[PDB]
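First up is the structure itself, then whatever we jot down about it.
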There are 2 protein chains.
Amino acid sequence: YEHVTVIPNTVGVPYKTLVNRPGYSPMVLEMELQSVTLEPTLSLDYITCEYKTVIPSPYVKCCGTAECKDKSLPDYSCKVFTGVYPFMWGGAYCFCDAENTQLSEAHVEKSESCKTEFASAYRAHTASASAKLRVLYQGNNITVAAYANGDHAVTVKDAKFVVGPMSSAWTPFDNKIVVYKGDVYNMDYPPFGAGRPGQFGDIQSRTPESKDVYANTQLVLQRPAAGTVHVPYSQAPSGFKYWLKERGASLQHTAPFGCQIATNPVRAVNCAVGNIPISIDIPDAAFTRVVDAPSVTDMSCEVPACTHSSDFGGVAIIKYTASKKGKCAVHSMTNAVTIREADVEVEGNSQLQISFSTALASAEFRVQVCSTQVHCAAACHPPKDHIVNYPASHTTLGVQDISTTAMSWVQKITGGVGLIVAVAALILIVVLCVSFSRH
Amino acid sequence: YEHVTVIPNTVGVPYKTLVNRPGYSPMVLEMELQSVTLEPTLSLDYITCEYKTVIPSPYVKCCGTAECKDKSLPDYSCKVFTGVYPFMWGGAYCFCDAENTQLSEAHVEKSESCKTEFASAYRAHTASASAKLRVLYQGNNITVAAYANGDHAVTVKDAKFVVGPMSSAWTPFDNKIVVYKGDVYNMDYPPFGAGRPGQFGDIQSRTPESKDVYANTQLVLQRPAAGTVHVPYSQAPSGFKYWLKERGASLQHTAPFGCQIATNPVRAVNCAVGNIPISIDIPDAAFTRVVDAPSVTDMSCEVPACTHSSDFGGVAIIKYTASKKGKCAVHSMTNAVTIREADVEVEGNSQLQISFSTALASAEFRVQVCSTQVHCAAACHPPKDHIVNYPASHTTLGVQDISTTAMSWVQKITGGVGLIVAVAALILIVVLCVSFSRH
Ligand SMILES: *[C@@H]1O[C@H](CO)[C@@H](O)[C@H](O)[C@H]1NC(C)=O
Ligand SMILES: *[C@@H]1O[C@H](CO)[C@@H](O)[C@H](O)[C@H]1NC(C)=O
């Protein structure tokens with residue numbers, strides 16, 4: 001047998017789905033979402049890290065002049081100066097008072113630290129869904145894992161489960177993302193080869209190991225301090241290290257629906273959006289012919305007390321009589337109320353208690369068991385607490401709601417005098433019809 | 001200086017782009033598309049290959065009966081039979097004439113050949129673009145490679161090139177694709193775990209090395225032939241090997257726009273769709289002040305003959321006079337005609353010849369050189385050939401076209417008698433206005 005259902009995309013909220021098959025006892029299964037993972041694409045746009053500035057020993061000269069020869073290196077720069085008269089510990093370096101010259105040059109390279117610490121920019125666009133389910137089958141909890149895209153089919157305990165596809169294509173991610181060691185950020189990185197100094201992307205590297213790099217750091221030299229031998233540099237401050245200082249809030253806090261985000265691999269998990277379709281092919285072995293199930297008769301219901309709450313605040317006692325000892329499923333056919341229990345053993349002329357959750361001020365509903373219906377009417381009361389920690393979406397109430405006793409009040413209010421006014425209009429128009437024929 | 005242009009997405013067709021800068025001699029660059037590669041996503045849905053059927057030695061028994069014990073193996077099957085009296089070379093296996101029994105069983109596993117030969121199904125959805133360009137710069141052809149998505153920037157010979165993004169998002173691929181050793185097919189494979197026997201996907205494996213597999217082969221046993229010892233099997237024929245027999249046309253022939261398809265990695269290349277935007281930042285070093293360029297004067301044009309064709313069938317001779325020896329660019333400002341040459345050396349009061357392509361029956365156009373314009377009028381003739389092999393899109397002609405001498409004819413035809421009829425109407429209405437005042 002094949003059964004298809006749909007459930008809200010929520011985690012930790014048990015769901016009852018009643019599959020019925022003529023000629024056999026109908027059975028209701030409990031399905032729970034352990035977690036749902038969304039794996040986005042991974043197109044590594046590039047990486048970046050802190051840079052090291054290499055400035056070899058400056059070239060000094062006397063009574064002669066140096067010269068700049070271009071170097072095919074990133075952001076390589078050079079300069080010359082004249083008239084410098086450096087002094088060392090033992091005295092002047094050389095005699096030429098002003099005929100001397102100084103040549104300096106520098107460049108910037110990647111740091112070995114990049115091999116361990118860095119920030120990587122990807123252009124992830126799409127994603128795939130995988131999920132974990134817990135199912136109450138034959139009186140035991142069973143775990144299943146499958147891709148929640150409507151394609152993956154999984155066989156367990158002789159039954160075939162298919163999940164997905166996700167109703168909503170929404171994702172918390174973005175086309176372009178930047179990832180640190182364990183943090184993710186939605187942020188539009190500058191295009192490769194156009195890094196703006198002092199900002200993210202100031203140095204661009206294709207891979208942590210690729211020797212080729214790109215840089216933009218305005219490396220300008222300056223005239224050295226008089227009387228000293230040294231190289232000054234106007235090295236641009238590293239925007240990469242700085243961006244780590246102003247990273248801002250991570251996406252695990254800014255993600256709508258709070259989809260928890262992990263790494264290695266990067267996934268977004270546990271966000272409630274849309275719903276999921278599930279198709280279950282269940283072999284008939286689990287199915288039991290109706291004759292096998294014990295009968296039921298003399299059904300009475302009572303509610304000693306009930307309390308509409310996020311928990312199972314409602315308790316109902318039912319008196320039942322059955323043919324023989326045996327298991328029997330229990331369900332509520334009204335979505336406004338949910339029942340924690342799935343089935344129960346029935347011996348005969350006995351009673352039982354059931355714990356349920358509702359949201360109506362007055363709970364008036366039918367309950368199905370052993371292919372029989374029993375009414376239940378009660379007046380719940382508001383609990384004391386206004387907010388709770390654990391989640392509970394079972395007790396969902398639409399705009400339609402039970403006015404309870406006040407229902408009668410509005411039923412009494414609905415009475416109007418339109419009938420009498422129409423009667424008066426008819427009477428006047430007829431008594432006029434003596435003179436009013438067809439106008 | 002920054003210049004932005006757009007060119008049709010075509011390969012092998014040179015394109016002239018004239019960048020002009022006041023205060024310097026304008027320069028026209030030739031850009032050609034070597035190839036454009038589209039790399040689609042790669043999400044390996046699964047793989048498949050031929051399967052091997054393992055049927056160990058059947059269990060024989062006499063005067064007793066065997067039994068089937070379930071095996072947690074793919075498509076494992078078993079059966080028993082009674083009354084079989086097998087015979088071997090030396091005589092009957094055993095005495096029990098009919099009390100004997102036979103137990104048989106079999107299963108199906110992956111083949112070691114899968115490690116070498118197989119077919120892999122992917123769910124590639126999106127793609128990225130990379131391209132190769134040839135540019136005529138400073139009188140030399142230079143090659144550039146970059147991602148054609150409007151992001152990658154490439155520095156060459158002191159100039160910054162940016163290409164893309166692709167105007168059209170169209171692709172020849174599809175969300176779901178199946179790849180053989182060197183062939184690709186657009187084909188919707190069945191979902192994993194639901195392989196239909198005798199068709200592609202009949203056996204499903206997550207990876208070539210993963211031990212776990214899924215199968216669907218209706219392995220039913222049969223009663224062995226009387227008087228013999230052997231195992232019959234109703235093994236399902238392998239749909240995988242068969243699909244190789246009816247693969248059909250590959251996508252390299254069915255792809256619109258003929259985008260050539262490769263593998264390892266899978267790319268679609270050389271398909272003309274849409275256009276490409278290109279932004280070039282050119283340092284002023286290449287730019288030359290107008291005063292540097294020699295002047296030009298006494299410009300005359302003549303066409304000894306021309307022939308509108310896919311080739312450079314037009315030849316034009318120009319008499320020119322210049323101030324001094326020097327290079328000078330040449331261009332045509334009308335898109336209806338293209339010129340093969342980019343620049344030329346000019347010595348002074350001399351002449352030159354230029355080879356060009358057109359599509360107008362009568363070619364009437366201006367030509368720009370050394371910031372000066374020269375007219376050129378000629379009457380081309382149709383060539384003899386009706387179809388050619390090499391591609392040529394330069395000579396593009398819109399609905400607007402030169403009627404040539406016949407233009408005058410229609411200009412003569414345009415004359416109408418509406419003027420005289422309006423004159424007659426005015427005359428009659430006025431001579432009536434004696435009695436017609438304002439109606
Ligand atoms: C299934 O999970 C519930 C959750 O609390 C647990 O109480 C129960 O013992 C588990 N096993 C069953 C229902 O067989
Ligand atoms: C550039 O390519 C053309 C193509 O044929 C070739 O003729 C020419 O020699 C190449 N080099 C140039 C134009 O410097």
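Numbering starts fresh at 1 for the residues of each chain in the structure tokens, the chains themselves are lettered A, B, ... in the order given, and ligands are numbered from 1 as they appear.
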
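Using only C-alpha atoms, the chain B residues found within 6 Å of chain A amount to residues 151, 152, 153, 191, 192 and 193 of chain B.
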
Based on the selection just made, write N, CA and C atoms of those residues as a CSV table (one decimal), in the first residue's frame.
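Saved the output as part17.csv:
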chain,number,residue,atom,x,y,z
B,151,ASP,N,33.6,39.3,-13.6
B,151,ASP,CA,34.3,39.4,-12.4
B,151,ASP,C,35.8,39.3,-12.5
B,152,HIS,N,36.3,38.3,-13.2
B,152,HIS,CA,37.8,38.2,-13.3
B,152,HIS,C,38.4,39.3,-14.1
B,153,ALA,N,39.4,39.9,-13.5
B,153,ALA,CA,40.2,41.0,-14.2
B,153,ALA,C,41.6,40.5,-14.4
B,191,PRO,N,14.8,7.9,-10.2
B,191,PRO,CA,15.4,8.3,-8.9
B,191,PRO,C,16.1,7.1,-8.3
B,192,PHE,N,17.1,7.4,-7.5
B,192,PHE,CA,17.9,6.4,-6.8
B,192,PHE,C,17.0,5.5,-6.0
B,193,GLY,N,17.3,4.2,-6.1
B,193,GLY,CA,16.5,3.2,-5.3
B,193,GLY,C,15.2,2.8,-5.9

Surroundings of ligand 1 up to 8 Å, based on only C-alpha atoms and all ligand atoms, as a PyMOL selection string: chain A and resi 136+139-141

Please provide the set of residues having any atom within 9 Å of residue 110 of chain B, restricted to only C-alpha atoms, with same-chain residues fewer than 2 positions apart removed, written as a short mmCIF file (atom, residue, chain, number, x, y, z; two decimals) with N, CA and C atoms, in the first residue's frame.
data_model
loop_
_atom_site.label_atom_id
_atom_site.label_comp_id
_atom_site.auth_asym_id
_atom_site.auth_seq_id
_atom_site.Cartn_x
_atom_site.Cartn_y
_atom_site.Cartn_z
N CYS B 49 26.59 0.35 -13.48
CA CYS B 49 27.45 -0.52 -14.27
C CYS B 49 26.79 -1.90 -14.33
N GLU B 50 27.43 -2.81 -15.05
CA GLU B 50 26.94 -4.17 -15.15
C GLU B 50 27.11 -4.90 -13.82
N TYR B 51 26.21 -5.84 -13.55
CA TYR B 51 26.17 -6.58 -12.30
C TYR B 51 26.54 -8.03 -12.54
N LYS B 52 27.07 -8.66 -11.49
CA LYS B 52 27.42 -10.07 -11.53
C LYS B 52 26.50 -10.86 -10.60
N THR B 53 26.02 -11.99 -11.09
CA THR B 53 25.07 -12.83 -10.37
C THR B 53 25.84 -13.98 -9.74
N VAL B 108 22.91 -10.87 -6.23
CA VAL B 108 23.53 -10.07 -7.27
C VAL B 108 24.42 -9.02 -6.61
N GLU B 112 33.68 -5.98 -10.58
CA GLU B 112 34.95 -5.27 -10.49
C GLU B 112 35.19 -4.41 -11.71
N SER B 113 34.61 -4.79 -12.85
CA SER B 113 34.71 -3.96 -14.05
C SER B 113 34.17 -2.56 -13.81
N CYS B 114 33.27 -2.40 -12.84
CA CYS B 114 32.75 -1.08 -12.52
C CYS B 114 33.88 -0.11 -12.19
N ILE B 203 20.70 -1.01 -11.84
CA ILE B 203 21.51 -1.13 -10.64
C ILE B 203 22.03 0.24 -10.27
N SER B 205 24.55 2.45 -7.61
CA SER B 205 25.65 2.47 -6.66
C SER B 205 26.02 3.91 -6.37
N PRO B 208 31.81 4.12 -7.22
CA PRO B 208 32.39 2.89 -7.78
C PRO B 208 32.99 1.98 -6.73
N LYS B 211 30.62 -0.32 -1.07
CA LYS B 211 30.16 -1.71 -1.07
C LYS B 211 28.65 -1.80 -1.16
N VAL B 213 24.90 -1.29 -2.29
CA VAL B 213 24.29 -1.13 -3.60
C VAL B 213 22.79 -1.35 -3.48
#

If we count only C-alpha atoms and set the cut-off at 12 Å, which residues sit around residue 40 of chain B, ignoring sequence neighbours fewer than 2 positions away in its own chain? Please answer as an mmCIF file with C-alpha atoms, in the first residue's frame.
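The new file around-v8.cif reads:
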data_model
loop_
_atom_site.group_PDB
_atom_site.id
_atom_site.type_symbol
_atom_site.label_atom_id
_atom_site.label_comp_id
_atom_site.auth_asym_id
_atom_site.auth_seq_id
_atom_site.Cartn_x
_atom_site.Cartn_y
_atom_site.Cartn_z
ATOM 1 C CA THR A 41 27.139 24.640 -3.729
ATOM 2 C CA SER A 43 32.699 27.294 -6.010
ATOM 3 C CA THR B 37 34.179 27.481 -22.283
ATOM 4 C CA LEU B 38 31.098 26.868 -20.132
ATOM 5 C CA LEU B 42 28.915 18.780 -10.852
ATOM 6 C CA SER B 43 26.710 17.032 -8.287
ATOM 7 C CA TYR B 122 24.932 13.988 -12.303
ATOM 8 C CA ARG B 123 22.497 16.788 -11.511
ATOM 9 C CA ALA B 124 24.472 19.719 -12.910
ATOM 10 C CA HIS B 125 22.340 22.867 -12.800
ATOM 11 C CA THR B 126 24.385 26.059 -13.286
ATOM 12 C CA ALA B 127 27.654 26.907 -15.003
ATOM 13 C CA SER B 128 30.509 29.390 -15.211
ATOM 14 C CA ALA B 129 32.115 30.906 -18.294
ATOM 15 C CA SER B 130 35.784 31.121 -19.263
ATOM 16 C CA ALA B 169 22.272 32.545 -19.425
ATOM 17 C CA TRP B 170 21.265 29.856 -21.926
ATOM 18 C CA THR B 171 23.101 26.543 -21.729
ATOM 19 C CA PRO B 172 23.022 23.375 -23.839
ATOM 20 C CA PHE B 173 23.095 21.232 -20.698
ATOM 21 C CA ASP B 174 20.197 20.198 -18.472
ATOM 22 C CA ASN B 175 19.546 19.826 -14.755
ATOM 23 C CA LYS B 176 20.089 16.056 -15.023
ATOM 24 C CA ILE B 177 22.714 14.474 -17.271
ATOM 25 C CA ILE B 261 31.372 19.254 -25.490
ATOM 26 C CA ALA B 262 34.441 17.790 -23.783
ATOM 27 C CA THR B 263 35.040 15.802 -20.601
ATOM 28 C CA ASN B 264 37.401 15.627 -17.617
ATOM 29 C CA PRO B 265 36.174 18.257 -16.995
ATOM 30 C CA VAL B 266 32.842 18.460 -18.834
ATOM 31 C CA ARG B 267 32.612 21.746 -20.733
ATOM 32 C CA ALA B 268 30.518 23.191 -23.548
ATOM 33 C CA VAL B 269 32.602 25.275 -25.933
#

Distance limit 10 Å, reference ligand 2, atoms considered: only C-alpha atoms and all ligand atoms. Which residues make the cut? Give them as a short mmCIF file (atom, residue, chain, number, x, y, z; two decimals) with N, CA, C and O atoms, in the first residue's frame.
data_model
loop_
_atom_site.label_atom_id
_atom_site.label_comp_id
_atom_site.auth_asym_id
_atom_site.auth_seq_id
_atom_site.Cartn_x
_atom_site.Cartn_y
_atom_site.Cartn_z
N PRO B 14 37.05 38.43 -36.47
CA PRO B 14 37.72 39.59 -35.88
C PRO B 14 36.75 40.76 -35.72
O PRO B 14 35.83 40.94 -36.52
N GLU B 30 41.88 45.31 -32.58
CA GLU B 30 41.28 44.11 -33.14
C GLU B 30 41.19 43.05 -32.05
O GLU B 30 42.21 42.71 -31.44
N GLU B 32 39.57 39.15 -31.10
CA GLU B 32 39.09 37.90 -31.67
C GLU B 32 38.87 36.90 -30.55
O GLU B 32 39.61 36.87 -29.56
N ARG B 134 42.21 37.11 -28.32
CA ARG B 134 43.41 37.59 -29.00
C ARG B 134 43.21 39.05 -29.35
O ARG B 134 42.20 39.42 -29.95
N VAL B 135 44.17 39.88 -28.97
CA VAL B 135 44.06 41.33 -29.10
C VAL B 135 45.27 41.85 -29.85
O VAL B 135 46.41 41.46 -29.56
N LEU B 136 45.04 42.73 -30.82
CA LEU B 136 46.11 43.40 -31.54
C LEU B 136 46.46 44.66 -30.76
O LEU B 136 45.71 45.65 -30.78
N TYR B 137 47.60 44.64 -30.08
CA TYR B 137 48.06 45.74 -29.25
C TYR B 137 49.46 46.12 -29.68
O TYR B 137 50.33 45.25 -29.81
N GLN B 138 49.68 47.41 -29.92
CA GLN B 138 50.99 47.93 -30.30
C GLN B 138 51.60 47.10 -31.43
O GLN B 138 52.80 46.81 -31.45
N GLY B 139 50.76 46.72 -32.38
CA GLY B 139 51.22 45.96 -33.53
C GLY B 139 51.69 44.56 -33.21
O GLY B 139 52.69 44.11 -33.79
N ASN B 140 51.02 43.87 -32.30
CA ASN B 140 51.32 42.47 -32.05
C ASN B 140 50.10 41.78 -31.46
O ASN B 140 49.33 42.40 -30.71
N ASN B 141 49.93 40.51 -31.81
CA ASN B 141 48.84 39.70 -31.28
C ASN B 141 49.21 39.20 -29.89
O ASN B 141 50.31 38.67 -29.69
N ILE B 142 48.30 39.38 -28.94
CA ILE B 142 48.50 38.99 -27.55
C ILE B 142 47.32 38.15 -27.10
O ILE B 142 46.17 38.46 -27.42
N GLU B 341 42.33 45.73 -42.40
CA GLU B 341 43.51 46.39 -41.85
C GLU B 341 43.13 47.30 -40.69
O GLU B 341 42.01 47.82 -40.61
N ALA B 342 44.08 47.49 -39.78
CA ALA B 342 43.90 48.33 -38.60
C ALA B 342 44.58 49.69 -38.75
O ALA B 342 43.94 50.72 -38.54
#

Distance query residue 338 of chain A at most 7 Å, only C-alpha atoms, self and fewer than 3 positions along chain excluded, as a list in words: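 The residues that qualify are residues 332, 335, 356, 357, 358, 394 and 395 of chain A.
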
Please save C-alpha atoms of the selected residues as a PDB file, in the first residue's frame.
ATOM      1  CA  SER A 332      -8.388  12.598  16.463  1.00  0.00           C
ATOM      2  CA  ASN A 335      -6.710  19.158  13.371  1.00  0.00           C
ATOM      3  CA  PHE A 356      -4.046  15.419  24.598  1.00  0.00           C
ATOM      4  CA  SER A 357      -3.318  19.016  23.632  1.00  0.00           C
ATOM      5  CA  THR A 358      -5.800  21.594  22.356  1.00  0.00           C
ATOM      6  CA  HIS A 394       0.615  20.853  17.558  1.00  0.00           C
ATOM      7  CA  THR A 395      -2.094  23.062  19.079  1.00  0.00           C
TER       8      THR A 395
END

What does the structure give for the distance between atom CA of residue 334 of chain A and atom CA of residue 20 of chain A, in Å to one decimal?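 Separating atom CA of residue 334 of chain A from atom CA of residue 20 of chain A is a distance of 15.9 Å.
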
For residue 234 of chain A, please output as a PyMOL selection string all residues within 7 Å (counting only C-alpha atoms; exclusion window: fewer than 3 positions along the same chain). chain A and resi 219-221

Would you save the residues of that selection, restricted to N, CA, C and O atoms, as an mmCIF file, in the first residue's frame?
data_model
loop_
_atom_site.group_PDB
_atom_site.id
_atom_site.type_symbol
_atom_site.label_atom_id
_atom_site.label_comp_id
_atom_site.auth_asym_id
_atom_site.auth_seq_id
_atom_site.Cartn_x
_atom_site.Cartn_y
_atom_site.Cartn_z
ATOM 1 N N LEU A 219 52.935 50.819 -2.205
ATOM 2 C CA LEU A 219 54.234 50.783 -1.540
ATOM 3 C C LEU A 219 55.094 51.915 -2.076
ATOM 4 O O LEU A 219 55.711 51.802 -3.137
ATOM 5 N N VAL A 220 55.135 53.017 -1.334
ATOM 6 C CA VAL A 220 55.920 54.192 -1.682
ATOM 7 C C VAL A 220 57.044 54.334 -0.669
ATOM 8 O O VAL A 220 56.814 54.223 0.540
ATOM 9 N N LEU A 221 58.251 54.576 -1.161
ATOM 10 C CA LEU A 221 59.402 54.760 -0.297
ATOM 11 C C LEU A 221 59.547 56.229 0.082
ATOM 12 O O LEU A 221 58.860 57.108 -0.442
#

Can you list, as a PyMOL selection string, all residues belonging to segment 3-100 of chain A that DSSP tags as strand (DSSP E)? chain A and resi 3-8+15-19+27-40+44-48+51-54+59-61+77-82+87-88+91-92

What is the distance, in Å and to one decimal place, between atom CA of residue 375 of chain B and atom CA of residue 286 of chain B?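 The value is 29.0 Å.
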
Can you pull out the residues contacting segment 274-279 of chain B? Cut-off 10 Å, using only C-alpha atoms, and skip same-chain residues under 6 positions away; I want them as a ChimeraX atom specification. /B:2-10,148-150,153,160-170

Distance of atom CA of residue 273 of chain A from atom CA of residue 206 of chain B, expressed in Å to one decimal place: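 It comes out at 29.2 Å.
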
Could you please write out, as a ChimeraX atom specification, every residue of segment 391-428 of chain A that DSSP assigns to alpha helix (DSSP H)? /A:405-413,418-428

With N, CA and C atoms retained, export the selected residues as a PDB file, in the first residue's frame.
ATOM      1  N   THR A 405     -19.895  29.107  25.273  1.00  0.00           N
ATOM      2  CA  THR A 405     -21.208  29.602  25.666  1.00  0.00           C
ATOM      3  C   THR A 405     -21.540  30.887  24.923  1.00  0.00           C
ATOM      4  N   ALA A 406     -20.553  31.772  24.774  1.00  0.00           N
ATOM      5  CA  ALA A 406     -20.777  33.023  24.067  1.00  0.00           C
ATOM      6  C   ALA A 406     -21.223  32.787  22.634  1.00  0.00           C
ATOM      7  N   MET A 407     -20.933  31.609  22.078  1.00  0.00           N
ATOM      8  CA  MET A 407     -21.476  31.271  20.770  1.00  0.00           C
ATOM      9  C   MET A 407     -22.982  31.468  20.760  1.00  0.00           C
ATOM     10  N   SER A 408     -23.675  30.859  21.721  1.00  0.00           N
ATOM     11  CA  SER A 408     -25.112  31.069  21.826  1.00  0.00           C
ATOM     12  C   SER A 408     -25.435  32.554  21.853  1.00  0.00           C
ATOM     13  N   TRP A 409     -24.661  33.328  22.617  1.00  0.00           N
ATOM     14  CA  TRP A 409     -24.905  34.762  22.687  1.00  0.00           C
ATOM     15  C   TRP A 409     -24.940  35.369  21.294  1.00  0.00           C
ATOM     16  N   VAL A 410     -23.916  35.104  20.482  1.00  0.00           N
ATOM     17  CA  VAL A 410     -23.917  35.670  19.138  1.00  0.00           C
ATOM     18  C   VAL A 410     -25.037  35.048  18.321  1.00  0.00           C
ATOM     19  N   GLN A 411     -25.295  33.755  18.527  1.00  0.00           N
ATOM     20  CA  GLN A 411     -26.445  33.132  17.883  1.00  0.00           C
ATOM     21  C   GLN A 411     -27.725  33.863  18.262  1.00  0.00           C
ATOM     22  N   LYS A 412     -27.801  34.350  19.502  1.00  0.00           N
ATOM     23  CA  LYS A 412     -28.939  35.168  19.904  1.00  0.00           C
ATOM     24  C   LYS A 412     -28.851  36.559  19.293  1.00  0.00           C
ATOM     25  N   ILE A 413     -27.635  37.099  19.183  1.00  0.00           N
ATOM     26  CA  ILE A 413     -27.459  38.426  18.603  1.00  0.00           C
ATOM     27  C   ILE A 413     -27.809  38.411  17.123  1.00  0.00           C
ATOM     28  N   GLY A 418     -34.927  42.288  10.061  1.00  0.00           N
ATOM     29  CA  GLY A 418     -35.101  42.376   8.622  1.00  0.00           C
ATOM     30  C   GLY A 418     -36.342  41.649   8.139  1.00  0.00           C
ATOM     31  N   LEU A 419     -36.718  40.567   8.822  1.00  0.00           N
ATOM     32  CA  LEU A 419     -37.908  39.831   8.418  1.00  0.00           C
ATOM     33  C   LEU A 419     -39.157  40.693   8.555  1.00  0.00           C
ATOM     34  N   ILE A 420     -39.298  41.393   9.684  1.00  0.00           N
ATOM     35  CA  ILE A 420     -40.491  42.204   9.898  1.00  0.00           C
ATOM     36  C   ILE A 420     -40.507  43.398   8.951  1.00  0.00           C
ATOM     37  N   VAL A 421     -39.337  43.970   8.657  1.00  0.00           N
ATOM     38  CA  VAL A 421     -39.309  45.125   7.765  1.00  0.00           C
ATOM     39  C   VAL A 421     -39.676  44.696   6.351  1.00  0.00           C
ATOM     40  N   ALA A 422     -39.181  43.533   5.918  1.00  0.00           N
ATOM     41  CA  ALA A 422     -39.581  43.003   4.621  1.00  0.00           C
ATOM     42  C   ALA A 422     -41.075  42.710   4.589  1.00  0.00           C
ATOM     43  N   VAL A 423     -41.620  42.190   5.690  1.00  0.00           N
ATOM     44  CA  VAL A 423     -43.055  41.928   5.754  1.00  0.00           C
ATOM     45  C   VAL A 423     -43.838  43.224   5.590  1.00  0.00           C
ATOM     46  N   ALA A 424     -43.403  44.285   6.273  1.00  0.00           N
ATOM     47  CA  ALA A 424     -44.085  45.568   6.154  1.00  0.00           C
ATOM     48  C   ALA A 424     -44.014  46.095   4.727  1.00  0.00           C
ATOM     49  N   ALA A 425     -42.846  45.978   4.093  1.00  0.00           N
ATOM     50  CA  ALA A 425     -42.713  46.426   2.711  1.00  0.00           C
ATOM     51  C   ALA A 425     -43.646  45.647   1.792  1.00  0.00           C
ATOM     52  N   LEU A 426     -43.725  44.329   1.979  1.00  0.00           N
ATOM     53  CA  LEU A 426     -44.620  43.523   1.156  1.00  0.00           C
ATOM     54  C   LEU A 426     -46.073  43.931   1.371  1.00  0.00           C
ATOM     55  N   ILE A 427     -46.461  44.161   2.625  1.00  0.00           N
ATOM     56  CA  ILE A 427     -47.842  44.525   2.924  1.00  0.00           C
ATOM     57  C   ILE A 427     -48.192  45.852   2.263  1.00  0.00           C
ATOM     58  N   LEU A 428     -47.310  46.844   2.399  1.00  0.00           N
ATOM     59  CA  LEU A 428     -47.597  48.145   1.809  1.00  0.00           C
ATOM     60  C   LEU A 428     -47.654  48.053   0.290  1.00  0.00           C
TER      61      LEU A 428
END

From the options B:23, B:398, B:90, B:58, which residue's atoms come nearest to residue 230 of chain B, counting only C-alpha atoms?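 Looking at the shortest contact to residue 230 of chain B, the residue is B:58.
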
I need the residue nearest residue 402 of chain A from this list: A:47, A:431, A:377, A:178. Use only C-alpha atoms for the distance.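 The closest residue to residue 402 of chain A is A:377.
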